[PDB]
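Engineer: Quick one: experimental structure and sequence below.
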Amino acid sequence: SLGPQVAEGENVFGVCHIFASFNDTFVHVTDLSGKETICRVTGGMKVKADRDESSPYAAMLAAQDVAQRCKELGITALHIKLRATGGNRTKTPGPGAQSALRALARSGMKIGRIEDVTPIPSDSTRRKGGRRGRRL
RNA sequence: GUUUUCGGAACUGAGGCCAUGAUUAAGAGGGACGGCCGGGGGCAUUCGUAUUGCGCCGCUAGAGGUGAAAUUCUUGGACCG
């Protein structure tokens, strides 16, 4: 918890993978390589209602919790790596990333380079469902 | 009583004469030639993510899914990286 780094002159970088879908949000922060984690909280950690766990407020609360964890641990700067569901399902990010980014910026956590890293397919396998789709 | 004018017809050779003898190349068709064009066809080769499973590492109690839930998988480490 104690380290010989310079606070005023420079800063410490990590990366944070924000995976947001239409069912859940994932605010995961690691080191610069991504091999070694820092803290991982999700939209199920803050709200116990299973209706809206991909809600913006749950993602906001999880982002404030992981920002407090990185502040008490000693991480000052973050590189945002945004992610959707990917694959053959969808490409639009979920309704938690917009609140999660603003909650990460509002807490005093400095933001470096932001990027969308989602799995894009070059015509992968068949999507779940019939030929006529899911009729509702 | 020979052999003639008393004469009915197939075939071949030499020369001359013919206005010597073949209508066109269809905004018909076929074919040749030259420069190309094309997710046209067959065979071989090569690449790109994505999906699933498995191996290892890290921290965590939820993850998936729905209009809403459960069946489903989870401290024997799920999900995410």
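Structural biologist: Cool, the structure landed. Residues are numbered from 1 along each chain as shown, chains lettered A, B, ... in the order given.
Engineer: Count the neighbours of residue A:78 for me.
Structural biologist: Residue neighbour count, defined by other C-beta atoms under 10 Å, stands at 24 for residue A:78. C-betas here are computed from N, CA, C, even on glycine.
Engineer: now it: how far from RNA strand B?
Structural biologist: Here the distance between residue A:78 and RNA strand B works out to 14 Å (C-beta to the nearest atom of the strand, to the nearest Å).
Engineer: Run through who's touching stretch A:81-91.
Structural biologist: By C-beta atoms under 8 Å, 6 or more residues apart in numbering, the list of residues contacting stretch A:81-91 from outside reads A:15-22, A:26, A:92-94, A:97, A:114-121, A:124-128.
Engineer: mind running it again at 10 Å?
Structural biologist: Outside stretch A:81-91, the residues within contact range by C-beta atoms under 10 Å, 6 or more residues apart in numbering are A:15-24, A:26, A:28, A:30, A:34, A:92-94, A:97, A:100-101, A:113-121, A:123-128.
Engineer: sec struct for the residue minimising distance to the centre of chain A, please.
Structural biologist: Compute the mean C-alpha point of chain A, and by C-alpha atoms, centre = their mean the closest residue is residue A:18, 1.6 Å away. In terms of secondary structure, residue A:18 is strand; the call rests on DSSP: H, G, I helix; E, B strand; the rest coil.
Engineer: okay but it is in contact with residue A:30, surely?
Structural biologist: No - counting by C-beta atoms under 10 Å, no contact exists between residue A:18 and residue A:30, whose distance comes to 11.9 Å.
Engineer: residues in chain A within reach of RNA strand B, list them.
Structural biologist: Remark: the part of chain A in contact with RNA strand B comprises A:17, A:19, A:21-24, A:26, A:28, A:30, A:34-37, A:39-40, A:42-45, A:49-51, A:53, A:83, A:86-88, A:119-125, A:136, using C-beta under 7 Å from any atom of the strand.
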